[PDB]
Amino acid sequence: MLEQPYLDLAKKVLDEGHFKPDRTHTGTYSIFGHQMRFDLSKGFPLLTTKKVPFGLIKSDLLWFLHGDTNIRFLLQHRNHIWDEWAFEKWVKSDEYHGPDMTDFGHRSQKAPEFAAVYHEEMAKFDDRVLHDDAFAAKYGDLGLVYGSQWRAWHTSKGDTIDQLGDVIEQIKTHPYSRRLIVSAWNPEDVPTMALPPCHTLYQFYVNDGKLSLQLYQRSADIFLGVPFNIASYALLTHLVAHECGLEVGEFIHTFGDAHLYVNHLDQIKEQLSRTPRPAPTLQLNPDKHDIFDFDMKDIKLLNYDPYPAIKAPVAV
């Protein structure tokens, strides 16, 4: 069924993860080196065994495809994956005139009063952001995130390159290139960096009329992180093909450190008792074409029937 390589990747960490400690002094059961693949013409690998919400992956990926490094598009779009790292800057910079909040994040889902106050100090931030444009401009621009990694690779000769888009022209004009790669690792910057990016690299390959893509993820959270990343790069692979008049083929997902967090071995075991239901389909509306012009109405999903959702402490 399309998501069996996933439960199968979860199994195996449990069963041969050696403990790795990590940045956030929680635990990881870990493996290194895993590649798995999904045939995107049999369905769409949004998991059926654990609800994952696709409106959230859609606003999210699309932000990247527009060049955008600003959370306004996101809040407008009811999205907040990204919320907390702009907040982070705010809550320091001279204007944070208010209260506790510095740290939030932990003292939040393990205490004190921080649950409430803080969620409000965030919201207020988010409401100033969604209108006070001078603010939005200086505290909601995350600067270096996938959208400008992909479309404005700051050169060394004062300019911006549009890797992804550049790459999409090589697909049209010579689709058999062994080198369609978009990178999102900049060695100048990962020192000064907040989360240096996961999906380090990707490559497309066309053959027999089908596009395929391979992702390399330097670090992966089997419970919380991977459910959603498999869907960002499958949607990207559907997206790039419908623009080049290409028929879809498969997504391959490689992983350096793949790991399960210690506070997740119960919750994982819960989905593991489940049975895959048939995977949904996608419909990507035919008329429109500059992929940079897709907008959330243009990507619709059919027949998604998942098992109810599971909860996790974020561990970090």
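Start at 1 with the first residue shown and count on from there.
Practice item. Look up the CA B-factors in the entry and say which stretch, 217 to 225 or 152 to 160, has the higher mean. Key: Here the higher of the two C-alpha B-factor means belongs to 152 to 160.
Practice item. Would you tell me which stretch averages the higher CA B-factor in the PDB entry, 286 to 294 or 39 to 47? Key: For C-alpha atoms only, the mean B-factor is higher in 286 to 294.
**Study point:** Identity of residue with top Cα B-factor, from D141, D166, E120, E188
**Key:** In the PDB entry, the greatest C-alpha B-factor among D141, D166, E120, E188 is found at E120.
Check your understanding: If you check the C-alpha B-factor for each of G147, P99, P197, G209 in the entry, which is highest?
Key -> So the option with the highest C-alpha B-factor is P99.
Practice item. Relative to the other modelled residues of the same chain, rank the CA B-factor of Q203 and answer lowest, middle or highest third. Key: Lowest third of the chain for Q203's C-alpha B-factor.
Review point. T26's Cα B-factor: lowest, middle or highest third of the chain?
Key: Highest third of the chain for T26's C-alpha B-factor.
Check your understanding: Based on the entry's values, in what third of the chain does the Cα temperature factor of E247 lie: lowest, middle or highest?
Key -> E247: CA B-factor falls in the highest third of its chain.
Practice item. Give the position of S232 by CA B-factor within its chain, expressed as the lowest, middle or highest third. Key: Its C-alpha B-factor, which the entry lists for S232, ranks in the lowest third among residues of this chain.
Exercise for review: Can you work out whether the C-alpha temperature factor of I171 puts it in the lowest, middle or highest third of the chain?
Suggested key: Middle third.
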